[PDB]
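Quick notes on the structure that follows.
Just so you know, residue 1 is the first one in the sequence shown, and it goes up from there. Computation of the quantities below employed the complete heavy-atom set of this structure, encompassing side-chain atoms and omitting hydrogens, waters and symmetry-equivalent molecules.
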Amino acid sequence: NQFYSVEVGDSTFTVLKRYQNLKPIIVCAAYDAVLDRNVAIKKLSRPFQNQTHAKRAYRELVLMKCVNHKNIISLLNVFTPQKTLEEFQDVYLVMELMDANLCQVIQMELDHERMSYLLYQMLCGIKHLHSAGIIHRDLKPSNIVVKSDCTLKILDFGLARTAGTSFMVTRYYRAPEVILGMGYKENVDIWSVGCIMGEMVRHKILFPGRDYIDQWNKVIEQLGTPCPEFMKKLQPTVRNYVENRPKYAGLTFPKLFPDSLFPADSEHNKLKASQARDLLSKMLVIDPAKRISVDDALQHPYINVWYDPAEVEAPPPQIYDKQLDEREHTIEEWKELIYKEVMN
Ligand SMILES: Cc1nc[nH]c1-c1ccnc(Nc2ccc(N3CCOCC3)cc2)c1
Ligand SMILES: CCCCCCCCCCCC[N+](C)(C)CCCS(=O)(=O)O
Ligand SMILES: [Cl-]
């Protein structure tokens, strides 16, 4: 038998014998005896509960294989313990083992070298995805991982374009045009980056709330009521609720992100506080027509210190299935497509 089973964190992992000493991080850490290095193993158990699960799994598999960028998690191995298509049930993804999730990194005291470097790498990864027509729309700290040396990888790719701005849990990083069903462009992801950056400074979620209604209130209370230039791009119906909200001037960026939150008492620190706030003021913009692009954010003085064309300006991923986002299939058909990807 090529496999063995172990209970980890109250789930069954049936894995190739090369993977040893499984530990909870449905994901675990393992030691790979063949490569002599640690790995993360993710079990896809219920990827055929339905078509949404199946599409997500297939898309996750195909994209993780095809994309090769240092800021996007890459696949080391894929396997199934089952021997035939008929018995096929579980899919295991094996990837490089990182040290922490960005959620835990956000909690550390703000350091400009680290924050700028993390943001730079996020921007690099997003740029690469965008070049291949991959616009994430649900970027969040829990799906970004880091190593102890601050190298960063994005864990996921968001939904197919055919999902638009619908996601049918953590909603706090979604852009206004997503929340309000306005349609999106590449810079939808820049809002999420802004939310993450802001949280690195405040150590509090910027726009929390039990639902979108609550979240929209937190947006307008802090950034102000959006302009008629924005209101006019809304459908009439949605606009009524948004127009009938209490008017807010919004707080200035110096009040949202006061000097008190930033390292003090050097001219370098004073400079960086100002630059960090400036970049925030350009990312946390409600109207996506007025919000900074990824490419312009990489030129911003806060970020551009890291800029290396050899990292930033890689060729785009060419995608083999041109209808990856659009085509729909039965469960039986998705299951076979996935199975083929797993067996190659
Ligand atoms: C595929 C996948 N899905 C979610 N996460 C991952 C993943 C992928 C690769 N590496 C890691 N490394 C990692 C290791 C330890 C931690 N923690 C530290 C302390 O306890 C809280 C978390 C976080 C991440 C995680
Ligand atoms: C806090 C209030 C929440 C209001 C929820 C608003 C409901 C939005 C539904 C209208 C859809 C309009 N179109 C343009 C057809 C969507 C394009 C596709 S997509 O935007 O990319 O999904
Ligand atoms: Cl093995």
Please test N50 against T52 for side-chain hydrogen bond (donor to acceptor under 3.5 Å, both in side chains), starting from the C-alpha separation and ending with a verdict.
CA-CA 6 Å; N50 49 58; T52 287; 4.6 Å; no

Evaluation steps, side-chain contact (heavy atoms from CB on, under 4.5 Å), between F207 and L223
CA-CA 11 Å; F207 307 119; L223 308 179; 4.0 Å; yes

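Side chains of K65 and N344: a donor on one and an acceptor on the other come within 3.5 Å. There is a side-chain donor-acceptor pair under 3.5 Å between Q82 and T80. Judged purely by distance below 3.5 Å, without hydrogens or angles, the side chains of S293 and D295 never pair a donor atom with an acceptor atom. No side-chain N or O of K218 forms a donor-acceptor pair with one of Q215 less than 3.5 Å apart. Between the side chains of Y4 and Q20, not a single donor N or O lies within less than 3.5 Å of an accepting N or O. Counted by atom type alone, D189 and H130 present one or more donor-acceptor pairs between their side chains at under 3.5 Å.
Under the 4.5 Å side-chain criterion, counting only non-hydrogen atoms from C-beta, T12 is not in contact with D90.
Not counting sequence neighbours, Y172 has no partner by the ring-ring contact (aromatic ring centres under 6.0 Å, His included) test. Contacts of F13 classified as ring-ring contact (aromatic ring centres under 6.0 Å, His included), with partners at least two apart in sequence or in another chain: none.
With hydrogens and angles ignored, the 3.5 Å screen pairs a side-chain donor or acceptor of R202 with a backbone N or O of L256. Side chain of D287 to backbone of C227: no donor-acceptor contact under 3.5 angstrom is found. In terms of modelled atom types and a separation under 3.5 Å, the side chain of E326 and the main chain of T162 share no donor-acceptor contact. Side chain of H136 to backbone of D156: a donor-acceptor contact under 3.5 angstrom is found.
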